[PDB]
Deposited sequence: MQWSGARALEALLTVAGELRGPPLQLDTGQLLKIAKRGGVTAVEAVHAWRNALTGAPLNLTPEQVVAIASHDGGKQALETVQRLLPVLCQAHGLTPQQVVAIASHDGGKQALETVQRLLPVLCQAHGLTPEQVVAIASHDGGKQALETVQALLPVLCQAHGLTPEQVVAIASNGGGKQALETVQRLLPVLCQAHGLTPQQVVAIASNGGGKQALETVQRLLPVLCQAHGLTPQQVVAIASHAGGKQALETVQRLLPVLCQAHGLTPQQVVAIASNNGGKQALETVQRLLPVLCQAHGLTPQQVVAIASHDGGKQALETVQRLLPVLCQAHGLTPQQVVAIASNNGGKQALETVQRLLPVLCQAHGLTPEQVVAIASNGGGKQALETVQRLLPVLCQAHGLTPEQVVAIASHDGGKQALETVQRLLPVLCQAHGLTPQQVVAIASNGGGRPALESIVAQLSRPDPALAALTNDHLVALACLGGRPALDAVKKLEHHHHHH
């Protein structure tokens, strides 16, 4: 091709126009993963996708387009969404979720073909079939659940929920076959329980982790002194294979030359990217603190960010290492640190918050999301809904802050004016892990019915959604 690059840039240009009104980020996303033909398909069928009986939002179109075969997915969605919705009960969101993976077309056609038999003959729910279908290779996983769910239940004593958990990852077919093949030897030869085998298999690359566990468990227990419980824990994240091999190679070095305990090495290895974290730790602080930063998903990123920003954050923004470590010791530590850097001065000034408050927000999983959302929503929360900034901060200061805030904004009016809860109590329910589910559950029970309104709040604060659901099950 040559200087019909112009034609393609003109096509991308017209997608910025209406019905989709895409921005640069979205165009970039489609180009990077769906390729030019996905970009051309979106342009070609932008009207069909957006109206008719599909009625897709541009965000939904982007999600389908942004994978290998995206053009096939968009074509097939136009063909199958209505029948999947009307005849099989699924919602459009679910159809989009199936379609938003590489090979989306195949998954959608297989769900059409297999959902009935899987529900009727195998007893799955539509929800489970969607979860199986909603990954790359979903066709294969669905077909393998159909062929193997009986043997895995009858001969290997697994539950359908377990089989679904193994199936609901990319390479689900591979993990299910490997479980079928290796479950007996892993239990009988290495002393594992089915549950443990399941936990190792229930992640992406589970096949690889099971074969690695079969291959290295002996060495790691017999020659390096780890327990089977420890080996399993390492193996129970995606990438387990990698973490297991790196443990074998680095355990002697990290204990001999650097003085870490075996239990510290394991804890670092037992996260997604464990291999990465181990290598990075081998390459201000106490070793306890380095381990603590390393011991999360993305631990490598956190450590390299800490090494880069600890000096400036301490010197130019006045923080202590103890605070930097606390920001870094969560999932996405790197993201929180970077954000705190570009958001301490801004939040304190445009919105009048103290540093100590900013640290409390960023010292949780999802810090970047919490801060960025406090920046957006603090003004409307106080001025419109009448909240104190200290209240907004109590809600932001937990894992899932952005969720709890965005939900509070949505649900604060209907909780107070329509059901007589005080804002004092809604803040109390939002100020925990799982604030958003807790609020939703609360509104659902109240909108569409002995547990008076105050008992429901005491329950929602204490145990969130779990407490609320448990209460239903238990009901007399």
- Item | Regions left out of the model, expressed as runs of the deposited sequence counted from 1 | 1-4, 288-296, 463-467, 494-496, 498-499
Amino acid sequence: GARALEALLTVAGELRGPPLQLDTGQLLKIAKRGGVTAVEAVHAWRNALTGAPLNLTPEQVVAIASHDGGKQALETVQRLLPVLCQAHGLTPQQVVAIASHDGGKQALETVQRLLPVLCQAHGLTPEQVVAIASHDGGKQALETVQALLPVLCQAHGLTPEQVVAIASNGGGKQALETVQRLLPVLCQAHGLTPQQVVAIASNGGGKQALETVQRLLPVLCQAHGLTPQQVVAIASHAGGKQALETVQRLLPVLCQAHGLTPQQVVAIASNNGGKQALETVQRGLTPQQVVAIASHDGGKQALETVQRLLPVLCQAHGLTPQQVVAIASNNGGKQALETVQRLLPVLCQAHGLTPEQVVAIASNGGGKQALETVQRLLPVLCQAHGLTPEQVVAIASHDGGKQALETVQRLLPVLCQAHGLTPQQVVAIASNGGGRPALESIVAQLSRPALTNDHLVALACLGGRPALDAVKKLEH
From here on, numbers count along this sequence of modelled residues.
- Residue stretch of maximal mean CA temperature factor, 122-130 vs 250-258: 250-258
- Selected stretch [higher average CA B-factor]: 157-165 or 216-224: 216-224
- In this PDB entry, which of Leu387, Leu183, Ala243, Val96 has the top CA B-factor? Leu387
- Identity of residue with top Cα B-factor, from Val325, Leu115, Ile200, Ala107: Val325
- Task: Sorting the chain's modelled residues by C-alpha B-factor, tell me whether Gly204 ends up in the lowest, middle or highest third.
- Result: lowest
- Which third of the chain holds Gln263 when residues are ordered by C-alpha B factor: lowest, middle or highest? highest
- By its CA B factor, does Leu415 count among the lowest, middle or highest third of the modelled residues in the chain? highest
- Query: Should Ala450 be placed in the lowest, middle or highest third of its chain by the C-alpha B factor in the entry?
  - Reply: highest
- Using the B-factor values recorded in the entry, state whether the Cα atom of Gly191 falls in the lowest, middle or highest third among the modelled residues of its chain. highest
